[PDB]
2 protein chains.
Amino acid sequence: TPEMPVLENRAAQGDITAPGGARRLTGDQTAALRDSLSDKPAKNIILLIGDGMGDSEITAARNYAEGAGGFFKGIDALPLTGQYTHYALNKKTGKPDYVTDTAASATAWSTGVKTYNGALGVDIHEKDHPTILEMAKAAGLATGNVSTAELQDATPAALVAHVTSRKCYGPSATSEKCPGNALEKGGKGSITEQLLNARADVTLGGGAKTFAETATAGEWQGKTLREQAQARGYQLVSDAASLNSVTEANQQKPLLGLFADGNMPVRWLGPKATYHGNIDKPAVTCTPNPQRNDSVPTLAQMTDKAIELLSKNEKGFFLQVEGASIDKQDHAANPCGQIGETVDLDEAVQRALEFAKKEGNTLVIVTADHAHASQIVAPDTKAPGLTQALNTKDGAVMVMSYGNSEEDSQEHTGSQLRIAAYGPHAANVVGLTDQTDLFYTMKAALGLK
Amino acid sequence: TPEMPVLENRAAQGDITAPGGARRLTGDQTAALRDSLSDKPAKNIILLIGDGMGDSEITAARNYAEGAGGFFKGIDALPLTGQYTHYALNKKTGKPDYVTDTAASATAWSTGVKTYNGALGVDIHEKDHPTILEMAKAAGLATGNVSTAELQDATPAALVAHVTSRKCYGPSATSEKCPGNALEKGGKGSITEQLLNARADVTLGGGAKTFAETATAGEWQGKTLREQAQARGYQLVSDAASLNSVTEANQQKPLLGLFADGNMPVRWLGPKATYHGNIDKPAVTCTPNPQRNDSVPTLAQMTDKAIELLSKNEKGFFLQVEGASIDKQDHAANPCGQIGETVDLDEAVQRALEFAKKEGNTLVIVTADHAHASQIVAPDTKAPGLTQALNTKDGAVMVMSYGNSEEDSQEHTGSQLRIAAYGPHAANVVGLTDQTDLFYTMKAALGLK
Ligand SMILES: [Mg+2]
Ligand SMILES: [Mg+2]
Ligand SMILES: [Zn+2]
Ligand SMILES: [Zn+2]
Ligand SMILES: [Zn+2]
Ligand SMILES: [Zn+2]
C-alpha cells in the first residue's frame with residue numbers, strides 16, 4: 001500500500017526565461033525526503049540498468065526528448081540519489097583499473113566482488129561467487145532477468161553465468177576462449193548452458209542464435225541448447241503474442257523468451273555522428289524504427305509481464321531489467337539510437353515505479369554499469385572526434401560529441417555516475433558509494449542470510 | 001553532541017580484491033540519513049564552487065590523489081546528494097542553450113534567473129536581478145566572496161556585478177563592451193566598480209591588475225579603483241602575512257584581499273596532455289608548484305580566515321568560496337593542474353564542514369557551475385584529442401583524455417552534475433534539481449525576506 005512518495009514532477013515549473021521559471025522545486029523537500037526513508041524489509045527488488053547510461057547520457061536524452069527543463073517521469077522520479085564508483089581491477093596486479101567493461105561492473109553489483117575486465121561471476125583468481133539472483137532463488141524468491149540485448153551479453157549473463165571471459169556465449173566460443181569452463185573438459189559450461197542451469201523463473205531478451213549450437217557433453221549432448229531448454233521443461237516464447245499468452249512462470253515451467261537472433265531492435269533510427277558533423281551537415285531529427293514492431297515486446301512490456309508473473313511468489317522476487325542498447329549506440333556514435341534506448345528504459349522504470357508505489361515493499365534502483373563517451377557540447381564546436389547536431393523538443397539545436405577513440409567503437413569512461421533508488425532501504429544509494437555496495441544493499445534489503 | 005553527521009569514512013573498507021573489500025558502506029544508512037534532515041533555519045551558508053568540477057573531475061582527482069577506493073574528507077563527505085541542470089538560454093530566442101559558460105550558470109544560482117552565456121546578474125532582456133549576496137547584506141548578514149581567480153572573473157563577479165558581458169572588467173573594457181553599463185554613460189559601471197559598490201564584508205582573491213584603472217566619472221573620477229578602494233574605507237591586503245593580520249571585517253573596514261595581479265597560482269604542475277600522450281610519453285607524477293608561495297594564502301586559508309571574520313556577526317553570514325583553476329586547467333588540458341586545484345578545493349571544503357558541524361546551523365553546499373572536457377579512459381586508449389598517463393596513489397596508471405575541441409582551449413559540456421550539501425535544508429539538493437533552485441534554496445534557508 002502507497003506510503004513512500006515518488007517524484008511527481010521535477011520539470012521546469014514555468015517560463016525558463018523568467019525569475020523562478022526554471023525551478024524544478026516548488027517548496028522545501030525535508031518532509032518529502034523523511035517520508036522517503038524506511039528501513040523495513042524489501043519484499044521485492046527491481047534493479048533497472050541503463051548500459052553506459054552515465055549522467056551525460058541521461059541529460060542528452062532528456063534535452064532531446066523532454067527538453068532541457070523536461071522531466072523523465074521514470075528515470076528522474078526516484079527521490080533518493082547518489083554517485084557510485086565502478087572501477088575494476090587489473091587481473092595481474094590486483095590494483096584498480098580505472099575504466100571497467102560491462103562484465104566486471106555487472107559482476108561487482110551482482111556478486112559484491114571487484115574483478116578484471118571481461119570476467120563474469122568470478123573474481124581475479126577466477127573463483128566463482130554466488131550472484132544476487134542465485135541467492136534470491138536459493139532463499140525461495142521468484143527471479144527475473146530481462147534485457148534488450150542478447151541474453152549471453154555481460155549484464156544479463158552476469159546473474160547466471162560464471163566464466164573467465166564474457167566471450168564464451170556458447171559451447172564453441174567456450175571451448176576456445178574458456179577451456180576451463182568447457183563442458184567437455186569438466187567445466188560448468190558456456191554462458192548459455194549455465195543460464196539454462198540457473199533456471200530463473202523469467203528470462204526475456206534477445207540472443208536466440210547461440211541456442212542453435214549443440215552441447216558437446218552431458219545429458220543433452222548432441223542436442224541444440226534450444227532442444228535442451230524444451231527437454232528441461234522451459235516454455236519458450238519468441239514474440240509479443242506468445243509472451244502475452246503466458247499465464248504462469250516458475251521452476252516447474254520456467255519462462256525463456258527469445259525475441260531476436262541477436263540484440264533486440266533499437267527504438268529510433270538516425271545517421272551516425274561524423275567528423276565536424278555539427279558544422280558541415282544539417283541538424284538531425286530522430287525517427288521511429290520500422291523494425292521496432294508490435295510483434296516484438298517492448299522493454300516496458302517485458303518488465304510488466306515479468307512483474308506480473310513474478311509477483312505470484314508470496315515470498316517475493318528479484319528482477320533485473322537492462323536497457324542494453326543505450327551503450328551499444330553510444331559506441332557506434334549514434335545519438336538517435338542512444339537517446340532512443342534511454343527513452344525506452346525510462347518507460348520500463350515507470351512500470352517498475354508504478355508497481356512499487358502500489359505494492360509498498362518494493363525497492364527500485366536505477367543506475368548504469370559505467371560512464372560512456374558522449375558529451376553535450378556547444379553548437380559551434382569543432383572537435384577532432386565525431387559530432388552531430390540534433391533538433392530537440394525545445395525546437396533548438398543540441399550537439400553531441402564522441403571523441404575518445406579514433407577506432408570504430410567509442411570507449412567507456414571512468415567517471416562516477418548517478419545511482420537512484422526508491423522504497424525500503426533506498427537510503428543506501430545516497431552520497432558516495434561503490435558499485436559493490438549495491439550487491440550488499442540488495443542482499444540486506446531482502447534479508448538474505 | 002553534533003546531531004547532523006558528516007560522513008567520516010567512505011573509502012574502500014578493505015582489500016579491494018576480496019569480497020566486500022571495495023565496499024564504502026559499513027551498515028544501513030537510513031538512520032544516519034534521517035539525522036541529516038532538518039528544516040530549522042540556516043544561520044549561515046557556505047557555498048563552495050568547483051569551477052568545471054563535474055563528476056568526471058571529482059573521480060579523476062580522487063583516483064590520482066587518494067586512490068580509486070580513496071575518499072575525499074571534504075568533497076565526498078557531504079551526506080545529501082543529487083544532480084542538477086545548468087543549461088543557459090539563447091539570448092534572442094529565449095530557448096535553452098545546452099552548454100552554459102561560467103557567467104550564465106553563476107548568474108543562475110546567485111539570482112535565480114536563467115540567462116545567456118556571458119551575462120552577469122541580468123536576464124536575456126539585460127535587466128538586473130538581485131544576487132544572493134546583495135540580498136544577504138541587505139538582510140543584515142555578513143557577506144564573503146572568495147576565489148582563487150581574478151575577482152573580476154565570472155564566478156565572484158556574478159555575486160556583485162550586473163553587466164551585459166563578463167568581459168567588462170574595468171572602465172576601458174566596460175566602455176567598449178558594456179556601453180549601457182559604462183559609468184560615464186549612466187550605467188552602474190564596470191565589474192570592479194560595481195564590486196566596490198556592493199561592498200561585501202570579505203572579498204579575497206586575485207585580479208589586482210584591473211584596480212590599476214581609473215574611473216572615467218563618478219565621485220572618484222581620475223583616481224584608480226585601488227585608490228577609490230582605500231578612499232572608500234577599504235582595508236587592502238596582498239599576502240598571507242597581512243591577511244593573517246586583519247582582526248575584523250565589516251562595512252566600515254571592508255576587507256579586500258588582492259593576492260595576485262591575475263589568477264592566483266596553481267597548486268600542482270605537470271605537462272600538458274598531447275596527441276597519443278598516454279602511448280608516446282611516460283606516465284606522469286605531478287609536481288608541486290615551486291612558486292605557489294607561502295606568502296600567498298591557500299584557498300583553505302582564505303576560507304578559514306573569511307569564516308573567522310564573518311562568524312562574529314551574530315545575525316549570520318553568507319560565504320561563497322570558489323576553486324577556480326580546476327576549470328582553467330581543464331581548459332588547458334593539464335591533468336596535474338586540474339587535479340591539484342580539486343585537491344585544493346577539498347581542503348577548503350573540510351574547513352567549511354569542520355566549522356559547520358560545530359556551529360550546527362550552517363548549510364554547506366559543494367557543487368560546480370557546469371561540466372567539463374576531461375574524461376578518464378582506458379590505458380591503451382588511442383584517442384583523436386589530447387591524452388596523458390598518470391601515476392596514481394594506487395601505484396597504477398590512469399589515462400585522462402581531452403577531445404571535445406581542436407582549438408587552444410578544451411570546452412565545457414552540458415551534462416548534469418553532482419551537488420551535495422550538509423546542514424539545515426540540505427534535502428533540497430537531493431534528486432534532480434536545477435541550478436536556479438540553488439538560489440531559491442539558499443534564499444529560503446537563510447529566510448531572506
Ligand atoms: Mg549490457
Ligand atoms: Mg570561475
Ligand atoms: Zn556497459
Ligand atoms: Zn560498452
Ligand atoms: Zn566554469
Ligand atoms: Zn570554463
Side-chain angles (χ1 to χ4, degrees), chain A residues 47-54 57 100-107 109-110 117-118 120-121 131 133 144-161 163 165-170 173 190-192 194-196 198 200 202-212 225 237-239 243 255-268 289 291-293 296-303 305-306 319-332 334 337-349 366-370 372 409-410 412:
Chain A
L47 173 59
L48 299 105
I49 299 299
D51 213 290
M53 189 175 70
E57 283 63 36
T100 186
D101 78 311
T102 306
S105 55
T107 292
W109 80 66
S110 58
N117 288 340
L120 286 180
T131 79
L133 180 150
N145 193 1
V146 177
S147 179
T148 48
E150 57 211 346
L151 296 167
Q152 300 76 26
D153 202 18
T155 294
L159 293 175
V160 296
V163 295
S165 171
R166 59 182 302 174
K167 293 181 180 178
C168 301
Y169 279 36
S190 67
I191 291 166
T192 300
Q194 282 183 51
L195 177 161
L196 286 186
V202 177
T203 304
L204 310 171
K209 179 187 174 188
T210 304
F211 286 81
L225 296 183
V237 297
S238 58
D239 64 3
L243 174 61
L255 177 63
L256 175 56
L258 303 171
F259 308 111
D261 185 69
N263 292 310
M264 286 171 79
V266 298
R267 194 199 191 78
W268 299 343
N289 174 19
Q291 297 279 46
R292 193 179 172 181
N293 278 296
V296 177
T298 64
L299 189 52
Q301 298 174 318
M302 297 194 284
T303 299
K305 192 57 176 182
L319 168 67
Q320 178 168 294
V321 178
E322 173 193 40
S325 291
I326 290 175
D327 173 77
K328 303 190 182 306
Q329 301 297 141
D330 205 325
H331 279 294
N334 187 294
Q338 178 194 308
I339 288 168
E341 302 311 79
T342 304
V343 166
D344 193 53
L345 177 67
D346 174 76
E347 310 189 326
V349 176
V366 181
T367 185
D369 49 347
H370 57 69
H372 222 297
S409 176
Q410 293 301 301
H412 300 172

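Per chain, numbering begins at 1; letters A, B, ... match sequence-line order.
A donor-acceptor pair is defined here as one N or O able to donate and one able to accept, closer than 3.5 Å; such a pair exists between the side chain of A:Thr192 and the backbone of A:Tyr169. Here the side chain of A:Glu341 pairs a donor or acceptor atom with the backbone of A:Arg267 at under 3.5 angstrom. Under a 3.5 Å cut-off, the side chain of A:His372 and the backbone N or O of A:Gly52 do not form any donor-acceptor pair. A:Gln152 contributes no side-chain N or O that, together with a main-chain N or O of A:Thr210, makes up a donor-acceptor pair within less than 3.5 Å. Using a distance-only test at 3.5 Å, with no hydrogens or angles considered, a donor-acceptor pair links the side chain of A:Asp101 to the main chain of A:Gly118. Under a 3.5 Å cut-off, the side chain of A:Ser110 and the backbone N or O of A:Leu159 do not form any donor-acceptor pair. Formation of a donor-acceptor pair under 3.5 Å by the A:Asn145 side chain with backbone atoms of A:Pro156 is found in this model. With A:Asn289 contributing its side chain and A:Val266 its backbone, the two residues share a donor-acceptor pair below 3.5 Å. The closest donor-acceptor contact from the side chain of A:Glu57 to the backbone of A:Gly54 lies under 3.5 Å. Side-chain atoms of A:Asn334 do not come within 3.5 Å of backbone N or O of A:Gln329 as any donor-acceptor pair.
Heavy atoms only, all atoms of each residue included: A:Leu258 and A:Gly206 are closest at CD2-O, 4.0 Å. Of all heavy-atom pairs between A:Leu133 and A:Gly144, the closest is CD1-O, 4.1 Å. The nearest pair of heavy atoms linking A:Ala306 to A:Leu319 is CB-CD1, 3.9 Å. The two residues A:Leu120 and A:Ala157 make their nearest non-hydrogen contact at CD1-CB, 3.9 Å.
No hydrogens or angles considered: a donor-acceptor pair under 3.5 Å links the side chains of A:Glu322 and A:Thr155.
Residues satisfying the side chain to side chain donor-acceptor pair (under 3.5 Å) test with A:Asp239, not counting sequence neighbours, are A:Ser242.
Partner A:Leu48 forms a side-chain contact (heavy atoms from CB on, under 4.5 Å) with one of A:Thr367, A:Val366, A:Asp346 and no other, that one being A:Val366.
The existence of a salt bridge linking A:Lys209 and A:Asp261 is excluded, since no basic side-chain nitrogen approaches an acidic carboxylate oxygen closer than 4.0 Å. Under the 4.0 Å criterion applied to side-chain N and carboxylate O atoms, A:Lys328 and A:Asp153 are assigned as salt-bridge partners.
Contact check for A:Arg166 versus A:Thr102: side-chain heavy atoms found under the 4.5 Å cut-off.
Ring-plane geometry between A:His412 and A:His370 is classed as parallel, the angle between the planes falling under 30 degrees on a 0 to 90 degree scale with a further cut at 60.
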